Every structure is written in C-alpha cells, then in structure tokens.
Amino acid sequence: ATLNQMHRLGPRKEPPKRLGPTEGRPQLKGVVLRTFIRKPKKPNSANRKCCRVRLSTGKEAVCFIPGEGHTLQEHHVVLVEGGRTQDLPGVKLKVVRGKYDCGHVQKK
Amino acid sequence: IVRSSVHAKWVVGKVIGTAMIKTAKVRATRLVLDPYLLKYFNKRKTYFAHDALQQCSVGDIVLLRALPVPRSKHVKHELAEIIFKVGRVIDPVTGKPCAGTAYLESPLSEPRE
Amino acid sequence: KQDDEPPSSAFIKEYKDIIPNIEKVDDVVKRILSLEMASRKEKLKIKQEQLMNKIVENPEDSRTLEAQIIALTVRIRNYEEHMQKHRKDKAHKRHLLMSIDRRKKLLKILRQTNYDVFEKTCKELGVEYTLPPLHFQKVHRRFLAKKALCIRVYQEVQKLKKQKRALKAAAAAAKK
Amino acid sequence: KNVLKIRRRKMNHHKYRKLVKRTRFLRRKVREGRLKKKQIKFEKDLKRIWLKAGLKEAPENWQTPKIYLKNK
RNA sequence: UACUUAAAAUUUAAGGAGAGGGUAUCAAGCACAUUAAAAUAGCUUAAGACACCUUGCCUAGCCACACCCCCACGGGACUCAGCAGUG
RNA sequence: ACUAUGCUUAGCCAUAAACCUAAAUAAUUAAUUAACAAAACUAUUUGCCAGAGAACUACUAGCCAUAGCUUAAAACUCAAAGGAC
Ligand SMILES: [K+]
Ligand SMILES: [K+]
Ligand SMILES: [K+]
Ligand SMILES: [Mg+2]
Ligand SMILES: [Mg+2]
Ligand SMILES: [Mg+2]
Ligand SMILES: [Mg+2]
Ligand SMILES: [Mg+2]
Ligand SMILES: [Mg+2]
Ligand SMILES: [Mg+2]
Ligand SMILES: [Mg+2]
Ligand SMILES: [Mg+2]
Ligand SMILES: [Mg+2]
Ligand SMILES: [Mg+2]
Ligand SMILES: [Mg+2]
C-alpha cells in the first residue's frame, strides 16, 4: 500500500477476542446432569469418561473427567476448568479433581 | 477593539461555495503530522465568511479575518482580501496579469491601461 | 440549429483562398471544388474556421484551450447529428459522451486560467458550464421518495409559521 | 495446475441450485412477505418525520409511493 | 488576603489550531442554513455525516454518579457505591 | 426424427477460465537467478489481500432482475490448506 493509503486506513483492524467455554473466567461451578462415554475420533481408540453439567451461568456443557476412575453421579457439584480434550471433539471443558464432590484419583 | 477568541485570527482558503446570501463557504487546509508515518498530510476545515459585497466566486483564494463577535452560529469570519481571483490572477512579483505559468501582459512592457 | 451553416457554393479549405486570386475560373470548376462535391468532413473544416475567427483573438493558433474547445464543439454537434439517424450506434454514442466530457474538462481549465476568454467562449459557442458538485448524491426510489417528503414537510412547517406571524401581527395592530 | 478448488465450488453451486429448486415455492412466499415488511418500515419511517416536525397530518396531496411492489 | 481599590486560589459560560473507540451489511441525515426590506434555498456527509454498539481517562491526578424514575417540582419498587458487618 | 434456441426488429437481463490468469504511466539494463512462467527492477497514483473450510452461503440494501445479479458475514470444524519442483 502507498503512504497515502496507509494514512487513510491507519492500523489494521483487530477482530475481537471471542470468549470460550468458561466465558473468560478461570473456573465455573456446575451440577452434573448425566454421565456418559464419548468415543475419540480416529486414529485413537478408547471409552473416554465425560459428563454433562449445568454451569453457574445457566448453560449446559460437556466436560471431560480426567484420571483413572471417578465416583461422579447426577446432582453432584464440580468445578470445571478450561482446556480442550484433543481427541474428543466439542469437549472444551474439564473437571477439577479434588474440589467439591469430585475427589482426587485413588492412588494404586 | 478586542480581537476574537477563535484561534484562527487569520485563515487562507479556497471559496468552495457561494450559495448563501452575503456569505462565502471557504475551505482552508493545514498540514498535520501523521505520528506513525511522520509525514504531513492536508487537514481541511470549512469557514463561513461574511462577504458584504458578494464579490466572491467559487475557486478563488481569499483571506478571512476573525470577527470580534460571531455574526451567527457559523459565521465568525469576514472577507479580508481576495488573494487570487479565479482565472484573473495578478502576479504579485511583477504585477502583470497572468494565465497560469505565463504572462498575459509582458513585464517588459508598460501598458498603464 | 446554429446561426451559421456553410453554403453549398463555398470552396473547400484547401482552395478557399486560392480560387479568388485566379482571374477567371469556370462554373464547372467552381462546382467541383465547392462544398457540394465534397464529403461532410470538408464541410466541418469550414465550420471550425468560421468559429475560430469569430471567437479566438489569434485564429492562426489552434493549440490554445479556446481553440481546442471550438474543435470539440464542432465534433460534438457532428456526433449529435450522426446519432439522430443511427439511434443504436454505441461506438459513436461513446464518442459523443466522451467529447462532451472532454469539453467540460477544458472549460474548467480555461476558467481557472483566463476567465475573460472563458466568458467569451461560452457566450459565443452557446455552451453552459455547470460547476462540479462538491458531494455525490446517491439516487434510488427509497431516497428520492423520502427526500421529497422531507422537502414537503419543511415547506408546510414554514408556511404555517408565516400565517401565524401575519395573524399575530394583525392582532397587535388592531390593539394599537 | 489442478482444478481442485474449482471442483469444490462446482459442487457447492450444484447442490445449492438443487436446494433452491426444491424450495422455490417456499422462497417465493418468504420474499413477498419480506417486501411487505420492507414497505411498512418505509411508510412508518416517513410518518415519523412529519409527526416529529409537528404536523398532525401528512403534507397535503402526499401519498407514500409503493416502491417495493410489482410496479414494473 | 489586600485596598477603597488588586494579587491569588478555585470555578462557571461561550468557544476551537490540532488530536480523540468500534461497525459502512449504519449511506444518507431531514431543518440539521444564511440574510435581516424579512427574503434566499440553503446546512452536514465516503476527508465517514447520521444511526447503533462498547468503554470511565487525562493518572502528583481528573471526570461522572450518590436508593430508583438521565433530572427530582413530583412520583415510586423508599437508601451502607462512609467504616465494620450480614443475606 | 423433431422442438426451445441460435436469425430480424423493439426492450430487458448484466453474467464468463469477461484470463496476456501481466492495473496504468515514466525510467534503467548494472551498480539482478526461491522454483516455474513472461529476464530483473525503481518511482508515482488508485484498487485489492491478511490460514483453510463453512462461503459464488445467511442476513442487509439497490436493481425492468422473482428458481436472478451485485454487495457479503458469523457461529462451528480443522492444523493445516495452498504454489513450484
Ligand atoms: K493411537
Ligand atoms: K442518576
Ligand atoms: K486465458
Ligand atoms: Mg461443499
Ligand atoms: Mg448483515
Ligand atoms: Mg439521581
Ligand atoms: Mg445499595
Ligand atoms: Mg448515603
Ligand atoms: Mg460497606
Ligand atoms: Mg426451430
Ligand atoms: Mg464477476
Ligand atoms: Mg475473450
Ligand atoms: Mg455466479
Ligand atoms: Mg447469492
Ligand atoms: Mg441475499
């Protein structure tokens, strides 16, 4: 672009930073609604443990539960955090182990 | 004989319109530095000026004097002088009529007409 | 039309000043070298020369803005006559509109440099010059319809104020 | 120089043309109603002007033109 | 705080060299002008008007707000956005 | 085999790989090989571009256009897509 064209337009317009599943917040608190299994998109093979939750904002999201074995059930309370599960498409939230009803993984 | 408050005590511009009665719309331009590019560009402003004799024509360079009291909401200047008349320029250096970069009357001659 | 059209008996521009000097020339020879046995292009060289004499101070010069404007006025009037018979000729319709625009451009430069010649040229050639409008106005059915109401609404509001002023002044006059 | 990018656009346009053909009658009714709402919005915007100006009735001899109807 | 007349601090009103967030799929706004016999038909705008959306900024500090209705005669759902404290 | 149609006369429609896939203009040919194509490169002015797909799409506005054209997004998905050899 010419110097006249750079002057008439100025600095590049910056698209706004749209928020993610946590809505620009470190964590959210949600109530478990259902516990189910999700299948990782190929080339991976597993039965990943997930749960649906109703977040404090009022929306409902799918959250991956990390660790080997959880005791979560419906009506439990959990603290979710950000971070996508790479193989699980659409799962953009995770549960925090050791907060509210969710507990630390039982060591073997 | 206190002078005007406005910063533009004296402004030069081009008469871009003359459709209001006894008023000439004048476009002045100033140089403003682009901070990113550090280059000067033309910022233009519009000034309404009182043309008492309706002696202004579109395209002529004029000098405006700030009025002591604003005549109206937008008329805060008067026509001090017509520096260059449109198509009827008179060379300041020699005083002879010119039509562009040429003399309609040679400076060697002394017509005195 | 225009005040002057070259007569059929006029000689072409090549021999316009040569035949008069010759002592005696036959009627046939005068007819062969007249504008009757010539193309339309030759008749236009005579129209242009007549206008240059009647307008330009120095008709010997054809490179002045005033002369260039006269050259384009003859062409424009020629293209207009062409387009009156050839209604669907799109090449010449472009030639006509581009010459009109060229004349307007030259008239603008003439106005800014020699206003006195500009005024004479426009008066003699019968060409009206309109100044370029500062702002372009978009046009479409919705805009033209809203702009018509806005003008009408204003006029009605102002008419009511004028009537009120007359009634108010009339009442005051009666009291006095 | 392959034509792969042209083939993606080729399929999108083909499938879109068949979608419009299936729902041609539905799309017609959507448009006639979108134009009607477009006309009402135009009339209301013109009524706002004269009412704000202080007039209690539209200017004499004025009838809002119907500019979106099948006038041509 | 001085004098029978003047130096400050602090404000208010009318303004304007220049600068000053986003969307142009907000492109027209619709009285937004001038003159001063009251006529003329003008004014703003792609050099971004107008409309909408978002945001305290200018940081020795400044600006706005003070239960709500922009205001607060009035009306209303009738007061901790002073300190600590509670739901 | 035979239509619409290609033809004429009026009007509409305004789209092409409408592609020399080369904006225009004035210089230079050396103090210059990403590849391929069409040797390199400077200056001036305007237009345009800012990962891929979604998308020659949705909505908006204009239009003789009504299964239309021009204008033209986002959510969401992906870690590539793409060019040359
Ligand atoms: K694997
Ligand atoms: K308030
Ligand atoms: K080609
Ligand atoms: Mg597709
Ligand atoms: Mg839109
Ligand atoms: Mg209050
Ligand atoms: Mg409170
Ligand atoms: Mg209080
Ligand atoms: Mg407190
Ligand atoms: Mg046939
Ligand atoms: Mg195209
Ligand atoms: Mg071709
Ligand atoms: Mg297309
Ligand atoms: Mg479309
Ligand atoms: Mg559309």
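Residues numbered from 1 in each chain as written, not as in the entry; some residues may be left out. Chains lettered and ligands numbered in written order. Part of a larger assembly, values for the part shown. Heavy atoms only, no water.

Per the deposited record, the coordinates in this entry were obtained by cryo-EM to a resolution of 3.06 Å.

The name the PDB entry assigns to chain D is Aurora kinase A-interacting protein, from the organism Mus musculus. Listed as the entry title in the PDB record is "Assembly intermediate of mouse mitochondrial ribosome small subunit without mS37 in complex with RbfA and Mettl15".

As recorded by the PDB entry, chain A carries the name 28S ribosomal protein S12, mitochondrial and is attributed to Mus musculus. Heading Subunit of the UniProt record for chain A holds this comment: "Component of the mitochondrial ribosome small subunit (28S) which comprises a 12S rRNA and about 30 distinct proteins." Quoted verbatim from the Subcellular location field of the UniProt record, the comment on chain A reads "Mitochondrion". (UniProt positions renumbered as here; feature names shortened; annotations may be inferred.)

Caption draft 1: Looking closely at the sheet that holds strand β1 (residues 10-17) of chain B. Residue and element names in this part refer to chain B. One closed barrel holds the 5 strands; their spatial order is β1-β2-β3-β5-β4, and the pairing between them is mixed. Averaged over neighbouring strand pairs, the angle between their axes works out to 50° when direction is ignored. Strand direction decides the pairing type here: strand β2 (residues 23-33) and strand β3 (residues 40-50), joined by 11 bridges, are antiparallel. Within β3, the residue paired with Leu-33 across the bridge is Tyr-40. (Pairing = 2+ DSSP bridges. Helix = DSSP H or I, 4+ residues; strand = E, 2+ residues; numbered from the N terminus. Axes fitted to C-alpha atoms, helices over the stretch in contact; angles between N-to-C directions.)

Caption draft 2: Highlighting the environment of C:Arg142. Relative to the assigned elements, C:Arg142 resides in helix α6 (residues 141-175). Judged by its relative accessible area of 44%, C:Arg142 falls in the partly exposed class. Put simply, C:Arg142 and C:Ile32 are 110 residues apart on the chain and 62 Å apart in space, counted from C-alpha to C-alpha. Excluding its chain neighbours within four sequence positions, the residues that come into contact with C:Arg142 are D:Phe42, D:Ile67 and D:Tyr68. (Buried < 20%, exposed > 50% of the residue type's maximum accessible area, 1.4 Å probe, protein only. Contact = heavy atoms within 4.5 Å.)

Caption draft 3: View of the protein's contact with RNA strand E. Near RNA strand E there are 39 residues, and of these B:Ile21, B:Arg71, B:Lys76, C:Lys146 and C:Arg165 occur at the shortest range. Atoms of RNA strand E within 4 Å of the protein: sugar and phosphate make up 63%, bases the balance. At 2.3 Å from a phosphate oxygen of RNA strand E is found a side-chain nitrogen or oxygen belonging to B:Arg71. At the level of secondary structure, the elements contributing two or more residues to the surface near RNA strand E comprise β2, β3 and β5 (75-84) of chain B, α6 of chain C together with α2 (24-53) of chain D. (Near = heavy atom within 4 Å. Polar contact = N/O pair within 3.5 Å; in protein donor to acceptor, adjacent residues only side chain to side chain.)

Caption draft 4: Summary view of the interface of chain C and chain D. Between chain C and chain D, the residue contacts involve 11 residues of the former and 16 residues of the latter. Interface area, chain C with chain D, both sides summed: about 1,300 Å², of which 76% is carbon and sulfur. Summed over the shared surface of chain C and chain D, the result is 1 salt bridge. C:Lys146 is paired through a salt bridge with D:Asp45; the nearest N and O atoms lie 2.9 Å apart. For the interface between chain C and chain D, the tally reads 2 residue pairs in polar contact. Class assignment for the residues of the side of chain C that touches chain D results in 6 nonpolar, no polar and 5 charged. (Buried area = accessible area lost by both parts, 1.4 Å probe. Salt bridge = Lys/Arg side-chain N within 4 Å of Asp/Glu carboxyl O. Nonpolar A, V, L, I, M, F, W, Y, C, P; charged D, E, K, R; others polar.)

Caption draft 5: The pattern of salt bridges, seen in detail. A complete count under the given rule lists 15 salt bridges over all chains for this structure. For the salt bridge of C:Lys54 with C:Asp4, the shortest nitrogen-to-oxygen distance reads 3.9 Å. With a gap of 50 residues between them, C:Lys54 in helix α2 (residues 40-55) and C:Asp4 in the segment before α1 (27-32) connect regions that are remote in the sequence. For C:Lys45, the salt bridge is made with C:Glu42, and the minimal N-O distance between the two is 3.2 Å. You can see C:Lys45 and its partner C:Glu42 sitting in helix α2, 3 residues apart, about one turn around the helix. Through salt bridges with shared partners, one network takes in B:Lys96, B:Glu110 and B:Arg112.

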